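Asks:
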Amino acid sequence: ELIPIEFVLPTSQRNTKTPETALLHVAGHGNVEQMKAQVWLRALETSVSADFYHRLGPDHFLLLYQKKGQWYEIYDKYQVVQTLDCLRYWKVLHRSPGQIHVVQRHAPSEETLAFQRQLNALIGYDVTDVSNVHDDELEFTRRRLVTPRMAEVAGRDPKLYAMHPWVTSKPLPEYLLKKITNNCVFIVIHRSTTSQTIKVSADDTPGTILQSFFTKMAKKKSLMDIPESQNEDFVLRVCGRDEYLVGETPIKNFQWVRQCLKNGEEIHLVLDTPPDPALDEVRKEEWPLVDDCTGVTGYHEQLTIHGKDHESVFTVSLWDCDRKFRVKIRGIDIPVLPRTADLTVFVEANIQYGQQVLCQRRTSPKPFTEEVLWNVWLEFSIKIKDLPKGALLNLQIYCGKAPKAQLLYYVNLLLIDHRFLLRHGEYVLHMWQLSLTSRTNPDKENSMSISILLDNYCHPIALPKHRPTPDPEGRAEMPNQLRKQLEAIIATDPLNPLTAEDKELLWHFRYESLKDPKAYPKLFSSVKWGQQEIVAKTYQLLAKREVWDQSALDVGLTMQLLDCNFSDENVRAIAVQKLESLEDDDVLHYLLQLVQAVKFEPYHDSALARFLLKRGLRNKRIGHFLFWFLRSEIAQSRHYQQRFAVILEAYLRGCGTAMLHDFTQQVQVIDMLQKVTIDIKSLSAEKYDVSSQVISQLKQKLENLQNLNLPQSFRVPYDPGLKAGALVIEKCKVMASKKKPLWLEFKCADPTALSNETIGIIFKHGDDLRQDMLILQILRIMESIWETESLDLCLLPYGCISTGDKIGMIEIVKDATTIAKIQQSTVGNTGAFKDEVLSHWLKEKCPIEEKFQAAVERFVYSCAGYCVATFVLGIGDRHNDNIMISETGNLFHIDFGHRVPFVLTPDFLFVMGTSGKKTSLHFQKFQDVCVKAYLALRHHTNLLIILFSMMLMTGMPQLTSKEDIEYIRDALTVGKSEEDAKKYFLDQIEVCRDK
Amino acid sequence: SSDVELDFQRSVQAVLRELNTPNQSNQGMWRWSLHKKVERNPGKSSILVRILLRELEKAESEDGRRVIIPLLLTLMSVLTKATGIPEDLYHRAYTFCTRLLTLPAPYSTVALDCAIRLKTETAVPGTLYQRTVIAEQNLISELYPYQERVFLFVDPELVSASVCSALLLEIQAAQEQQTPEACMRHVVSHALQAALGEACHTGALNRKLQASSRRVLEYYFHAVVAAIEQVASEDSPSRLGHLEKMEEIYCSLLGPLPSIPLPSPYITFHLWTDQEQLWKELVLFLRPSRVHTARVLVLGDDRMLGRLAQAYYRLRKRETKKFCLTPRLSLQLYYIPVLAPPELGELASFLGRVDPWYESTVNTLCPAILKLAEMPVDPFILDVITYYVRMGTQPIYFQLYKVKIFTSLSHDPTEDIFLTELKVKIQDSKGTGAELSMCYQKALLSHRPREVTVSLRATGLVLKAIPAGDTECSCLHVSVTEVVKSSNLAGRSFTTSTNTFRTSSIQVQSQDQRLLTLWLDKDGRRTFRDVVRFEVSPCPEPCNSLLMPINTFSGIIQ
């Protein structure tokens, strides 16, 4: 099929300034590179400006086409011509010939280079550094992410994006409803120095509220400095916070309003002017758009050599290659040998898909010298046509004593690249040392490397796209016994391994399994991905996933399909498609694991990455937290910094000037505080000594920083609603800890703040806060679960965020004191044995008996919540300095670095009004609340297990293997009756009481 | 018909046994005997084809990779000369070739070349024979202007005069029988026969052609070439249209099975006495796809190869200056080892290890060649040379190395090149060894930069560019004979130890006023005396390192 295409050339006819054109009949089965070469030869033959084409090569030019008024680049030089989106578009328009413009590539402007430098500084990584790549996957992903980013930016309302509200659709729990009288709430609206209280319906929208307000204030505009020319030009914002109340959402569904109702606080709002939308306008994209068909090799019918003339073969289908895969190990070398002089070394080559090893071969052992030469072919028991998309050649270097081999080095090589082409030729891979990523060790000067050779072909070999063919086989009635066995298999928790018999059963009855979404992870775990026919059948099944698409969103199940056990692009794609219905609040709840799951993508560009990019570009809060999560992972994981960095570059390129400025100020503040912390650590010789000299030097350095270098204000990384201003230097101190963190207090920069209270930050350097972040996120998730049961357990999940490698910030919970400090302040060290001390402290803080009883009740609820949480999560090191109580009675735990199941001490029992073994009403309530919360979590065991499994791959010291996660399964008594579970937890309570 | 089939099967099995058991005096004779047998009974060629195809298919099923390329090349050699091959056998061979495209290099590359030729021959039978004869015998044709020539170079100091005279006699005896008129007669006969099969009355055809004047013969030659080339150049060639055109020509010739020999290629024999001889001969060949193909075949040992490398380097350097040969001339290089009855056949050994078919066909020619020189007849050597230059099309590329030689540190260096080896010895002072300073970049598998500077006392050093064994990215293997001082109670004893390393470039300088002698490519005529310093590095492309290609049958079998 010769396709007629008209090419608009960069030169113009001598007499008319009209661009020259060349009509060509291009082989649809050719690639873009050959098409470009044919265009160049034709231009050399026909242009009146031949010297132009003699002086410049084709690579200096882009191939562009117009679609719906926009310009798209034909970017991938190896893309098969017939798969170009432009040809499909023109065929739909009955346009023949189509037009392609050959446009000269220009060098980047100095402004673009400066903006790139700014982006690199924000990222902490240079995404333009090609020094450490074996291919162009990074640049390819940069170009592919242009189109979805620009689609999201183009669909974005800048005014709504500037003021995106923090809301939830979840119904109000009964206990909050009881606080609303006659479905009405009181709101205090502030402007300048004046305020007015109004009574509104809990169902009123901010617009209705504004209309009623302006109607009531019509005769009092001048009093609130409202120009007569202005009308209900204004928005409602939270006092002291950058959080807006806009849209058609009922006032009761705003998170701030729910917080005020939960605490019993008045709802204070400011009547502000809306932010300038121009600050959220995005700079014009210099890059042409890239269509979603870029990198598509096409179908088998277009790539197959069967029935085709050799003249029409430019790419060969991978499914036509009926041979065993092989790799030549040339050898290894290392600049510095291991000190052990009598070691043999051998290479183990594995073909891996996800976590499964499909085949394995090894070289013969040879003496471990600075360089070891094998020069041998290892042929695998897998055919090329059966290689799955995402298959990795995992090379491992093992060492043994010269006559248990210890694994020393490893490296991975993706066999089918991002263009769906089988890799070929010579590779020098720099290997990681062992003290799923296809990235190599960046230390090319000192890291161990392996030289390998893959077969060379006359034509590139491409993985074809699967066509959804109707299955003619798509029923033996499943026997009731096998039905019960399948149901039992489906009912097991995610940690339960599938036997071979389970997998064969699941696959045999795959059509029955497809009727239950809960069977999907197990069914897909039974797929033999190293067999092309089974993979094709699996995709035919995925085409018939109507039950999945129509089902309710189970977030746990959907996230399980993104786990490291599932490397298939289509499975992950249907999971992300399901996640596109997830609300922004819940997305914030799961953002950490969503960021981590990107490590399991075979390529930089994926459905999950695009999902994250979209959600960040739609919601400033999500984008803020996404920025910080990605940046921390960039700073910490050399294995994945590139992937996170390219995703972060796309996001930042979509942010607008306001967000970029905020991020710049934040990073600057972090760098300055890091320098100060390093200086302060160098001044203190001993691990705990905070001498008066150290405090004075801290204050002096902070004063100098405030006067010279700190921004006047910045958004707080752990809470973008908070804006910190000037340091309250007199309140700043070094904390007496091994890591010497800085206690910092800033003034609120928002002039609408109702209290002169400071924003307190513990700045930590040399400490990895990702573990604390995970635990606090899980606590917020547990709170949501309990809220579904109308259980307010009054938890206080404070703000915590990692800002880099072992550097981050923690929120200071105000009016809260460690139990150790209370016990010390009342009677010295013996206070640990004084049951009355905590209750006396709480009564001192709450001298009003009604407030004291409310604090005791809040203590009961928060104690129950944290007891259940620390039990289920196995939180250790619970000394009295790692437990705090607020003056309002909230008990909460801090520092999550890690004889009784949980902390329930006699002084806690005394606050509950128990005396010895006598049960109090508050203690009975404690027991009932504990049981209810425990059972509520037991019902969500699968979600919890999945959330921790997805975090196994962060390198956290206390979450390294699945055995760590089995703790949750055992604590929740999976597989027991609900009565047995209730009794077991009550027994744990009594064990804690007795001990 | 069954006895002839069994006889051919036994011959094919003999070739297969020679290939599977690399155990010397009859190596290569089995293939030659098979080719002679088919030449004596051309009407049985189809028989052999079937056998070969079966064996080929068998080899594919049993993963017998060592026999695929030899059998494939034998099949192609037979098909180039055979007439009356049924179309189904051509389709079977083409299908086999297409299936082999799944094999790694070199199998896929050879199979692709064969598939191209087989497709053209299936649609237009006789194309292979006609094109081969026209190109190799320099027959004038406007529609097929390609010309090929074999240039046979021999060093008279390396190969005896008796060998040269015997080879010259065989070549001249073959060329005296290959007159342009005889070749035109062969092309016409072969084309008409290949197209018409049993409908071609071969006897009447031969009588008519022998009785025709030169003008008539030339007319029919041009008509046949025109028909074949016109049908072959069509987008969709049809065997039926080709048959119709050939029937028209045949009827015009005669009005409304003698074996047709495939002539040996035109071979010019040259005693290599001048370093410029090759250049001059190529320029003369070009004097009135590249239209001309020069197949330069050298007979000799490693010294002859060093000379060929020098000539090749000079040719590339000149081409960068006057661009006169490369737009029109495809240069292919071939090597036949003639070793005196083990250090001078290094490259030969290497080739034999990487291409077993080369080992069994070409490397075994040295005794026969020598035997031919002692004799005061089927041209065995000429047949093997013909087969080699026609079927050996897979190049193996060898890195050339440049050496700068300093006799004094104040004078400009003399530059030369080598291919196989650079040997260095310490000159005797008109006391054992000389202190040498060496600076080199160690060749590691990671390509990590590692510069090494060492000073040691040595008696000699050898840089080898060709790997010695299978356990050995083009790098030099350097062996230094170091003098180690051992102080025993009984006095100062000196022992010699050999240290080996690999490097891409190396600089060596004598420190104790003792001078060095260098030998290039083991050639006593390429000796440099009174040398103080030398530097070796990969030879750059005359403006990428310069690589020299030597054609074999299979290239590098991995």
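Protein sequences appear in the order of chains A and B.
For reference, each letter of the first sequence is one residue, going 36 to 267, 269 to 439, 457 to 488, 502 to 540, 544 to 967, 982 to 1078 in the entry's author numbering.
For reference, each letter of the second sequence is one residue, going 3 to 25, 29 to 261, 277 to 308, 410 to 462, 475 to 509, 518 to 571, 587 to 628, 646 to 716, 742 to 756 in the entry's author numbering.
Just so you know, even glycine gets a beta-carbon here, dropped at the ideal spot from N, CA and C.
#1: Shorter than 9 Å from the beta carbon of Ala-120/B to some beta carbon of chain A?
#2: Run through DSSP, which three-state label would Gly-89/B get?
#3: Assuming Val-481/A contacts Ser-602/B under a Cβ cut-off of 8 Å, what Cβ separation, rounded to an integer in Å, is found between them?
#4: Does DSSP put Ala-545/A in a helix, in a strand, or in coil?
#5: Three Cβ pairs or more, each shorter than 8 Å: is that satisfied between the region 993 to 1002 of chain A and the region 799 to 818 of chain A?
#6: Report the residue from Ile-691/A, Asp-731/A, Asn-167/A whose alpha carbon sits nearest the alpha carbon of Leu-157/A.
#7: Does the region 703 to 715 of chain A come close enough to the region 214 to 223 of chain A to have 3 or more Cβ pairs within less than 8 Å?
#8: Would the region 685 to 700 of chain A and the region 852 to 862 of chain A be scored as touching if the rule is three or more Cβ pairs under 8 Å?
#9: Quick one: Cα of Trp-106/A to Cα of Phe-96/A, how far?
#10: Let me confirm a value: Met-508/B is counted as buried when at least 16 other C-beta atoms fall within 10 Å, else exposed. Which label applies?
#11: Considering only the beta carbon of each residue, do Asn-951/A and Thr-886/A sit closer than 9 Å?
#12: Given a threshold of 16 other Cβ atoms within 10 Å of its Cβ, counted over all protein chains shown, does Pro-566/A qualify as buried or as exposed?
#13: To the nearest angstrom, how far is the alpha carbon of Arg-136/B from that of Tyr-149/B?
#14: Beta-carbon of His-336/A versus every beta-carbon of chain B: anything under 9 Å?
#15: Please list the residues of the region 384 to 411 of chain A that have a C-beta atom closer than 9 Å to any C-beta atom in chain B, keeping them in chain order.
#16: Residues in the region 597 to 609 of chain B with C-beta within 9 Å of chain A's C-beta atoms, listed in sequence order?
#17: Checking the sheet assignment: what are the DSSP bridge partners for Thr-229/A?
#18: Could you name the residues of the same chain whose beta carbon sits closer than 7 Å to that of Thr-132/B, not counting the 5 residues immediately before and after it, in chain order?
#19: With a threshold of 9 Å between beta carbons, is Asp-488/B in contact with chain A?
#20: Given this structure, state the Cα-to-Cα distance separating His-693/A from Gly-300/A, to the nearest angstrom.
#21: Answer yes or no: does any C-beta atom of chain B fall closer than 9 Å to that of residue 450/A?
#22: Quick check for students: name the residue ranges of the alpha helix (DSSP H) that lie wholly in the region 37 to 91 of chain A, counting only runs of 4 or more.
#23: Please confirm whether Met-514/A has its beta-carbon closer than 9 Å to some beta-carbon of chain B.
#24: Can you tell me whether DSSP reads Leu-207/A as helix, strand or coil?
#25: Name the two residues that bound the continuous alpha helix (DSSP H) containing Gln-1071/A.
#26: Mind pulling the chain B residues with CB within less than 7 Å of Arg-476/A?
#27: Closer than 9 Å, Cβ to Cβ, to anything on chain A: give me those residues from the region 80 to 108 of chain B, in chain order.
#28: Hey, out of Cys-102/B, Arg-97/B, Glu-92/B, whose CA is closest to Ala-128/B's CA?
#29: May I ask which residues mark the beginning and end of the alpha helix (DSSP H) holding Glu-628/B?
#30: Could you tell me which chain B residues have their CB closer than 7 Å to the CB of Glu-511/A, listed as they occur along the chain?
#31: Say the cut is 8 Å; is the CB of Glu-858/A nearer than that to a heavy atom of the ligand SAH?
#32: I believe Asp-278/A touches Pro-866/A by the beta-carbon criterion, under 8 Å. Please report the beta-carbon distance rounded to the nearest angstrom.
#33: Which residue marks the beginning of the alpha helix (DSSP H) containing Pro-185/B, and which one marks its end?
#34: How close, in whole Å, do the beta carbons of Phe-547/B and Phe-707/B come, if the pair is a contact with beta carbons under 8 Å?
#35: Give me whichever residues DSSP pairs with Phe-221/A in a beta bridge.
#36: Using the three-state DSSP reduction, which class does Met-484/A fall into: helix, strand or coil?
Replies: Checking against the coordinates, here is how it stands:
#1: The residue given as residue 120/B occupies position 115 in the second sequence. Residue-level contact check: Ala-120/B touches chain A, since one or more beta carbons of chain A fall below 9 Å from its beta carbon.
#2: On the second sequence, residue 89/B is found 84 positions in, with the first residue counted as 1. Note: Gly-89/B maps to coil in three-state DSSP.
#3: Taking the first sequence and counting its residues from 1, the one referred to as residue 481/A is at position 428. Taking the second sequence and counting its residues from 1, the one referred to as residue 602/B is at position 446. Going by Cβ atoms, the distance from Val-481/A to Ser-602/B rounds to 6 Å, so yes, they are a contact pair.
#4: Taking the first sequence and counting its residues from 1, one reaches residue 545/A at position 476. It is coil, neither helix nor strand.
#5: no
#6: Reading the first sequence from its first residue, position 122 is the one you call residue 157/A. Per the Cα distances, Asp-731/A.
#7: no
#8: no
#9: Numbered from its first residue, the first sequence carries residue 106/A at position 71. Numbered from its first residue, the first sequence carries residue 96/A at position 61. Distance between the alpha carbons of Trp-106/A and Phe-96/A is about 15 Å.
#10: The residue you call residue 508/B lines up with position 375 of the second sequence. Exposed: under 16 other Cβ atoms inside 10 Å.
#11: On the first sequence, position 882 is the one that residue 951/A refers to. On the first sequence, position 817 is the one that residue 886/A refers to. Contact: no.
#12: Numbered from its first residue, the first sequence carries residue 566/A at position 497. Answer is exposed; the Cβ neighbour count stays below 16.
#13: Taking the first residue of the second sequence as 1, we reach residue 136/B at position 131. Taking the first residue of the second sequence as 1, we reach residue 149/B at position 144. Straight-line Cα distance between these residues: approximately 8 Å.
#14: As a first step, residue 336/A must be located in the first sequence, where it is residue number 300. No, because no Cβ of chain B sits closer than 9 Å to the Cβ of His-336/A.
#15: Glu-406, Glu-407, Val-408, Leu-409, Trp-410, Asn-411
#16: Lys-598, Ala-599, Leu-600, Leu-601, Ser-602, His-603, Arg-604, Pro-605, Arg-606
#17: Numbered from 1 along the first sequence, position 194 holds the residue referred to as residue 229/A. According to DSSP, which records beta bridges pairwise, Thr-229/A is partnered with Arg-226/A.
#18: What you label residue 132/B is simply residue 127 of the second sequence in a count that begins at 1. Result list for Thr-132/B: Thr-125, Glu-126, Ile-233, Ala-237, in chain order.
#19: For this step, residue 488/B is matched to residue 355 along the second sequence. No, because no Cβ of chain A sits closer than 9 Å to the Cβ of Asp-488/B.
#20: Here residue 693/A refers to the residue found at position 624 when the first sequence is read from its first residue. Here residue 300/A refers to the residue found at position 264 when the first sequence is read from its first residue. If you take the alpha carbons of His-693/A and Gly-300/A, they lie about 29 Å apart.
#21: The model contains no atoms for residue 450/A, which sits in the stretch where chain A goes from 439 to 457 directly.
#22: 67 to 81, 85 to 90
#23: For this step, residue 514/A is matched to residue 448 along the first sequence. So yes, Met-514/A belongs to the interface.
#24: Residue mapping note: residue 207/A aligns to position 172 of the first sequence, counting from 1. Here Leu-207/A sits in coil by DSSP.
#25: By one-based count along the first sequence, residue 1071/A stands at place 988. Where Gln-1071/A is concerned, the enclosing alpha helix (DSSP H) stretches over 1061 to 1077.
#26: Mapped onto the first sequence, residue 476/A falls at position 423. Simply none; closest approach about 14 Å.
#27: Flagged, chain order: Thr-103, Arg-104, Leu-106, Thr-107, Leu-108.
#28: On the second sequence, residue 128/B is found 123 positions in, with the first residue counted as 1. Minimum Cα distance to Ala-128/B is reached at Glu-92/B.
#29: As a working note, residue 628/B is residue 472 in the second sequence. Neither: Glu-628/B is in no alpha helix (DSSP H) and is coded neither H nor E.
#30: Indexing the first sequence from 1 puts residue 511/A at position 445. Residues of chain B passing the Cβ test: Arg-604.
#31: Ligands are entirely absent from the displayed structure, and the ligand SAH is therefore not among its contents.
#32: For the purposes of this step, residue 278/A is identified with residue 242 of the first sequence, where counting begins at 1. For the purposes of this step, residue 866/A is identified with residue 797 of the first sequence, where counting begins at 1. Going by Cβ atoms, the distance from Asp-278/A to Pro-866/A rounds to 20 Å, so no, they are not a contact pair.
#33: One-based indexing of the second sequence puts residue 185/B at position 180. Element bounds for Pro-185/B: 185 to 201.
#34: Locating residue 547/B in the second sequence gives position 406, counting from the first residue. Locating residue 707/B in the second sequence gives position 534, counting from the first residue. Indeed they touch by this definition, with Cβ atoms about 7 Å apart.
#35: Here residue 221/A refers to the residue found at position 186 of the first sequence. Answer by DSSP bridge pairing, in chain order: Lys-234/A.
#36: The residue given as residue 484/A occupies position 431 in the first sequence. The answer is coil: DSSP assigns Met-484/A none of H, G, I, E or B.
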